[PDB]
Amino acid sequence: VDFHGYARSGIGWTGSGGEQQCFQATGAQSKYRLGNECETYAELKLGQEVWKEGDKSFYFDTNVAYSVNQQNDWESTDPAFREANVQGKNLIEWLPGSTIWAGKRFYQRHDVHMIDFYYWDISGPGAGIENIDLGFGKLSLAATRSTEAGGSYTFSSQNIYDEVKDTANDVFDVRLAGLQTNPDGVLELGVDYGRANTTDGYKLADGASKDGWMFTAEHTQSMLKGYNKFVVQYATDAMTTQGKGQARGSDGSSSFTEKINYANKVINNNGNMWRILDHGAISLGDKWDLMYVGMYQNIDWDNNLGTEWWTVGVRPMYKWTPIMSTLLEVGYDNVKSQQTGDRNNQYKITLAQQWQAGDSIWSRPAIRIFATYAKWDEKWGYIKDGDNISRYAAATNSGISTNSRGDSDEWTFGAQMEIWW
Amino acid sequence: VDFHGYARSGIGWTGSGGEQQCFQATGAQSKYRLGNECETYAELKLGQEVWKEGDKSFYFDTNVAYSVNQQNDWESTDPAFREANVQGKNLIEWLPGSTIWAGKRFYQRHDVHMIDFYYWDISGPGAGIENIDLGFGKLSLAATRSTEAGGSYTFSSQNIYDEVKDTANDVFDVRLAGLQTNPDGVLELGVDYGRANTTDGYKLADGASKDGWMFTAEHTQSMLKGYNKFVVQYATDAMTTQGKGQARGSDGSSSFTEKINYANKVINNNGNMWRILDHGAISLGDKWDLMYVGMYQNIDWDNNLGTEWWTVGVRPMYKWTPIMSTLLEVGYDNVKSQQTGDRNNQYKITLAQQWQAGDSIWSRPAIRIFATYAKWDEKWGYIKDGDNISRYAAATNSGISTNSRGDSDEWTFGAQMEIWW
Amino acid sequence: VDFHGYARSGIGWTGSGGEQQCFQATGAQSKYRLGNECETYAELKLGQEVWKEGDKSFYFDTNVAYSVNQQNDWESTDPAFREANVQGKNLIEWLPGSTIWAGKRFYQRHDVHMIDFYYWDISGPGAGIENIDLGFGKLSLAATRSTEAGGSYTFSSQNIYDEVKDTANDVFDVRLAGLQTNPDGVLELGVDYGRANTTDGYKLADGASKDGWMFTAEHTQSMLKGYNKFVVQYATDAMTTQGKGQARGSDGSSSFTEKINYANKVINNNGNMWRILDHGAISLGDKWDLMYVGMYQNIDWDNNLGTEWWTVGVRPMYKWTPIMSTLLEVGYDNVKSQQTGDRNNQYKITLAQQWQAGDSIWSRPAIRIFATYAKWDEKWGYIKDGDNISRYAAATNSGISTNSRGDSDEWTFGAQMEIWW
Ligand SMILES: OC[C@H]1O[C@H](O[C@H]2[C@H](O)[C@@H](O)[C@@H](O[C@H]3[C@H](O)[C@@H](O)[C@H](O)O[C@@H]3CO)O[C@@H]2CO)[C@H](O)[C@@H](O)[C@@H]1O
Ligand SMILES: OC[C@H]1O[C@H](O[C@H]2[C@H](O)[C@@H](O)[C@@H](O[C@H]3[C@H](O)[C@@H](O)[C@H](O)O[C@@H]3CO)O[C@@H]2CO)[C@H](O)[C@@H](O)[C@@H]1O
Ligand SMILES: OC[C@H]1O[C@H](O[C@H]2[C@H](O)[C@@H](O)[C@@H](O[C@H]3[C@H](O)[C@@H](O)[C@H](O)O[C@@H]3CO)O[C@@H]2CO)[C@H](O)[C@@H](O)[C@@H]1O
Ligand SMILES: [Ca+2]
C-alpha cells in the first residue's frame, strides 16, 4: 500500500494574549501562510497499483481529510472523504498513453503554495480521459460535479414554490498542455464551461446566472533551478463566484416562508473576472532559495458587489546548513470594494527558524519556530447581519455593523510542523 | 499491513435533467445495481497477522466505512467503524483447525452481488468458534448482537412508563457446511435463534414479538467454471423484519408523552417469511460470462402488513478483448402489498461498456460508461405520514399520500468505477 | 508505512438481563478493567520515517481514534484526530541525541494498565525538545495546550459581559529522567506549571484559580523480570481538576442570560492534590505473572467539594500453556466525599480464561472469556440536577436526587479481544 498525504500542526501564542490568531485581509481570498496557520489539517492517502500487465495498469487512490482546531488532545471531527477513484493507463489502444478515470479525484489542481491559493481546481466526483498525445501537446477532457445548496424550486404560481432541492453544477473541461513556445518555456491552455443542471420539474429562481465560461493560459519557464509561472484567466458569470473552474449557477438564491414559500429574486454573479498571476520558486546561488507571488484579481459584477484585489509577497530562504535555515515572508494585500469604493490593506512580516528534510525551500517535513507581525487598515467590511455575513459592504465608519477589523496590528509566535509525503 | 476493501464512485446524469437518479421498486428490498448506484461507498480495511508460531496464529482486522453523496469535493461524513476483531487459528488443541474470535466482524455473509442483497448476515459485535472439523463437514458456532432504538420501558402503571432504553437482540448461530451431497455439489445448513434481551427492570411493550427462528439451507453446485447456489430460508416472528438472521424482537414499538409517558401497543412482526433464491455466475464459452438471480420472498405478517416479492434478472458479459467488454443487465421486480393486494412492478435495462482488470465478470477494478432505462408502474405505496413513511400502505389512487412513484419511466447515463481489493 | 495502535472489542451479558454493564465506584476516577469494559475503542496509527541521513532522521506519526458502543454492525461516529506530529532526531549538533518535535502528540504518558488510569498525561498540541543528555540524566522540555469551554468574558460592567470565549490553558513541562539512585533503581523528576491564558479584552470571572503547579517523582525498580514503580505527586489549584498535568484554570465558571449576560462567580478548584501510587508487573516463577496497584489520592479543595480515594487491586496470571492462561482480577475502591464525609465502596472479582500471543501478562492480542461480579455500597452521590450531574454531593438517604448506585451487586460475562501492535 502507498501512503501519501499532507499535514500541518502546531502551537502558537498571540502577543497580546491567548492562543495564536491568524491574519487575513477582509475581502481577500487568501493569506500569506508562514506562521499564519491556525489549524491542524491532514490528508491521509492510501492507494495501490492493483493490476499491471505489460504497459497497462490500474491504480486505485483514496483520500480522507481531517481539520481540527488544535485546542485539545481529544478533538472529534467529521472527516471529508475527498478521493476514491481508479485510473487505467494505456487501456485504449488507439489513444496510446492516455489514462481513463472515474471517481472522486483531485484533478490537475494548480495553486500558489505560499498563499495556499488554488486558481484552477475543478476537483470532485468526475470522469475523463487525460494525456491524449497530439504530438505537439497533450489533450485532456473531463467532466466533474459540484452542488449548491437549494436553488432549485418546484414553482406552483410564479415565485411561490412547493419544494426546494440542491442544484447540481456540471463542468466540462478541456486542456492542451506541453506547447513548447520557447526554449525552456511551455504553455498550457484550458477552457471550462459550467452550468446549473436542474432536475425535471424544478427551476432556478428569477435572475440566476445559470452558466459561464473560464479560460486559462499558463506559461511555465524553467530557470534558476526552479520555475516561473505566468497565468492569465478570464471567467464569466456562473464561473466568477468560486473562480477556479467550478460553476455556481444558482449563486445568490434565497427564499422565505410564511406556509407559502417564496423564492426571492437571485442576487446573481453575472459579470466577469480577470486574474493575472505570476509566481515562482528559484535558487539564487548556494545559500538562497526564493518563492514569490504577484497577483491582480478583479471580480466585476454587474450588480457592483465585487472586489479588486492586489497581492504581492516574497519568501526568501537562507541556508545556514543543509538542514537548517532562516525564512522570511513578507506579504501585502490590498482589496477595493466594488460597491463602496473603499480599500482594505494588510502587510505581514514573518521570521522563522527552520529544520527541514533537505536543502530546498520545497523540502518537507519542516519544523519551524516563528514570529509574525501583521498591521492592517480596513476601511470597509461586509455587513454583518447579526451573525451571518452579507454580500453587501459598508464603510467601517458608517455606523453599520460589518466584519471589518479596523485599523490595528498584532504579533504572534509559536512552533509548527508541515509535511507532504 | 494488509490493505483491503471495497469502493464505488462515479458521476451520472438523468435524461430529463440534473444528477443521476436510481431506481428501486417501492416494496422491494433491493435493486439491480449496474448503472443504478447513486453514492460513493468505500470500506478501508487495514489488518495484519500479528503473531505466528507453527500452525498457530493471530490475525487482527479492522474496517472503516464511508458513504458520501458524490455531489462535491469536500464531503464530510461520520464513518462507521464496522470491524475490529482478532482471530486465533489452531489454538484449541482438541479442536484442530478451528478458529476462535471476538470483536466486531462481518461474519460469514452470503449475498447476491448483482442486486447487492445480503440474505444471511448476522454481522456485528460477537464471538464464536468456527471451522470445527466433524469429518463429514465443518461446524461453526457464533453469538452476535444488534440493538433496536427504544423498546424497553420501566412501566410504573399500565402502559405508563418512567424510562425508555434501547433493546439488545442476541442471535445464536449454528452452521454445518461442506456436506457433499452429490458430485461437485455441497450443502450448508444453518439455524439462528434470536431474542430481545431486556435489562432488569425494563420490559417490552404489549404486542412485541420478542424472539424468532430462521433456518437456511444453501446448495452450491460447481459448473461452467462458476457456480449455482440454491437457497431456501424460513424465518419466524422477530426474524422477519431484518430477514437475514438478526433479531428485531421489539420491532413496532412506539410511545407518546403528554408528561405521562405511554408505550403504545407494539405493531409487531409476528408471522413468517419464506425465501427461495437461486443465483449464480458461469462462463458460456470464451466470450461470455453470465450472472443471474431468481428470487421469491414472502413476508406473511399476522397484521397483514407484509409483502410478496418476485425478482428476476440476468447480466451477460461479452468479452471483446481480455480487458474490454460490454455488459447488459435486465432486471424485473414485482411486489404485492399484503395489506392492499396491489402490485408494484419495475423493469430496468442497462447497457455498459467496461474496462476491467481481468477477463472475468468478477474482475475488479472496472471502469464503466453506461445508459440505464427504467419503467415502472406502482399501484401502491407506503402512507407517507408527512415526511416519515408508515408501515401502512394505500393504493396510489386512493387520495392518501403515499411514497408510490406512480406510472412512469426514466433513463440515466454516466461513468463509474467499482473495485474490491 | 508503520501501522500501530490499540483496540478492544467484545460482546457481553448482564446476569440479570440485557447487554453487559460496567461497574465503577461513584467518585472514583477509574475502574478495574478486566471483564469490565463496555465499548469498542480503537486507535489506528500510520507513521513513517520520512527522511534519514546518517544519525539524523525525521519521523512522521498520526493517530485516529474511534469509540463505538458495540451495539450494532453499522455504528457511525466522529473520530478523534489525536496525533499528527514530526520528530527530528539529532538535528541540533550541540545537543547530541536530543529530539525536537512539533504537532499533536501523546507526550511521555504514564499510566497504570489494569485500571486504565493515566497519572501523568499532558498530551495535546505542543512542541518541545526531549532527551537532552546531562550525563547523569536526560532533560526534556515541552509546552502543550488544552482548552476549556467558555471561561473568558468581555465584561462591560461588573459581571455583565458581551461575549464569552473558550479559555486556552498552557502547560510548561520539565522532566529529568534516568537518575541512577540504587542498583536497578532509577528516578524521574518532573515539574509542571500551567495557567489560563486569556485573549486580550477577555477576562476570567471572579474567583478563577487561573494557574497551578504539579510535581512528580517516579522511581522504577527492575526486579522479578518486571518492575515496580513508586509515584508521588502533588498538584496545586488549577492542576487539581484534570490531575494529570493539564491545567483547568477557569474550571467552575458559568453564566446566565436574561438579554443581559451574567458571569457567575467561579466555583474554583483552589486546593491541592496528593497522589501516592505504587504499581507493578512481575513474574513469580514459570507459571505466574502478577500485576498490582495500590493508590491513595486526596483532592482537598478549599470549597470542600473534593474526594479522598483508596484503590487496591491485584491481577495474577496462571500459565497453563504458553498461549493459554487463567486470569483473576480483584479490585477494591473506597471514596470519601470531602463535602458530606460519606464513603462509597466497591469490590469486583473477575475470572477469565485467555488465549494470548505469548506467555506474558503483557502479551497481546488476547482473546478472553470472563465472568465478573461486583458488589457496591454507595452512601453518597453527586446531586443529579435533572439530567446533568452537579459538583455537589448528597447522602443517598437524604431525599435529594443523586447519581448514587445504592447498595447492590451484579455479575456479567462475555468474550472480548484486546490488542496493541
Ligand atoms: O500535496 C500537494 C500540495 O500540498 C500542499 O497543499 C495542501 C494545502 O497546503 C492545504 O492547505 C490543503 O489545502 C486544502 C484546504 O486546506 C481546504 O480547506 C480546501 O478546501 O482544499 C484544499 C485542497 O486540498 O491541502 C493541500 C493538499 O491537498 C501544498 O500547499 C501545495 O503547494 C502542493 O501542491
Ligand atoms: O468484499 C466482498 C463483497 O464486496 C461487495 O460487497 C459490497 C457491496 O457491494 C457494497 O454495497 C457494500 O455493502 C454494504 C452496504 O452498502 C451497506 O449499506 C450495508 O449496510 O452493509 C453492506 C455490507 O457491507 O459493501 C460490500 C462489501 O462489504 C460485493 O458486492 C460482494 O458480492 C462481495 O462479496
Ligand atoms: O499503547 C500503549 C498503551 O496502550 C494501552 O492504553 C490504551 C488504553 O487501554 C485505552 O483505554 C485508551 O485510553 C484512552 C481512553 O480510552 C480515552 O478515553 C482517553 O481519553 O485517552 C486514553 C489515552 O489514549 O488508549 C490507550 C492507548 O493510547 C494500555 O492500556 C497502556 O498500558 C499502554 O501503555
Ligand atoms: Ca458528525
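As a basis for the values below, the full set of heavy atoms in this structure was taken, side chains included, without hydrogen atoms, waters or symmetry mates. Proteins get letters first, then strands, A, B, ... in listed order; numbering begins at 1 in each.
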Using a 3.5 Å cut-off and no angle test, enumerate the donor-acceptor pairs between side-chain atoms of residues 48-59 of chain A and protein atoms at least two apart in sequence or in another chain.
{"unit_1": "A:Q48", "atom_1": "OE1", "unit_2": "A:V1", "atom_2": "N", "d": "3.4"}
{"unit_1": "A:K56", "atom_1": "NZ", "unit_2": "A:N90", "atom_2": "O", "d": "3.1"}
{"unit_1": "A:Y59", "atom_1": "OH", "unit_2": "A:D2", "atom_2": "OD2", "d": "2.8"}

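At least one donor-acceptor pair under 3.5 Å links the side chain of B:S9 to the backbone N or O of A:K104. Here the side chain of A:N197 pairs a donor or acceptor atom with the backbone of B:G18 at under 3.5 angstrom. Side chain of A:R145 to main chain of B:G12: a donor-acceptor pair is present (N/O by atom type, distance under 3.5 Å, no hydrogens or angles). In this structure, the side chain of B:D73 does not engage the main chain of A:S123 through any donor-acceptor pair within 3.5 Å.
Within the 4.5 Å cutoff, no side-chain heavy atoms of A:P79 are placed close to those of B:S76. A heavy-atom distance below 4.5 Å is not found between the side chains of A:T144 and B:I11.
Interface remark: B:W421 contributes side-chain atoms only to the contact with chain A (heavy atom separation under 4.5 Å). Only the side chain of A:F106 comes within contact range of chain B, with heavy atoms under 4.5 Å apart. Neither the backbone nor the side chain of A:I122 comes within less than 4.5 Å of any heavy atom in chain B. With a 4.5 Å cut-off on non-hydrogen atoms, A:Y66 touches chain B through its side chain but not through its backbone. For B:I369, no part lies near chain A; criterion is any non-hydrogen pair under 4.5 Å. Looking at B:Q21, only its side chain comes within 4.5 Å of chain A, counting heavy atoms on both sides.
Residues passing the side-chain contact (heavy atoms from CB on, under 4.5 Å) test with A:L204 are A:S152, A:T167, A:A196, A:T198, A:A208, A:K210, A:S250, sequence neighbours excluded.
Test B:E19, B:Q70, B:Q71 against A:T147 for side-chain contact (heavy atoms from CB on, under 4.5 Å) and you get one pass: B:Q71.
The two atoms that bring B:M417 and A:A102 nearest to each other are CG-O, 3.4 Å, heavy atoms only.
Chain B forms more heavy-atom pairs under 4.5 Å with one residue of A:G103, A:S146, A:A127 than with any other, namely A:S146. Between chain B and the options A:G126, A:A65, A:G88, the largest number of non-hydrogen pairs under 4.5 Å is found for A:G126.
To the nearest 0.5 Å, the span separating CG on A:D78 from CD on B:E75 amounts to 12.5 Å.
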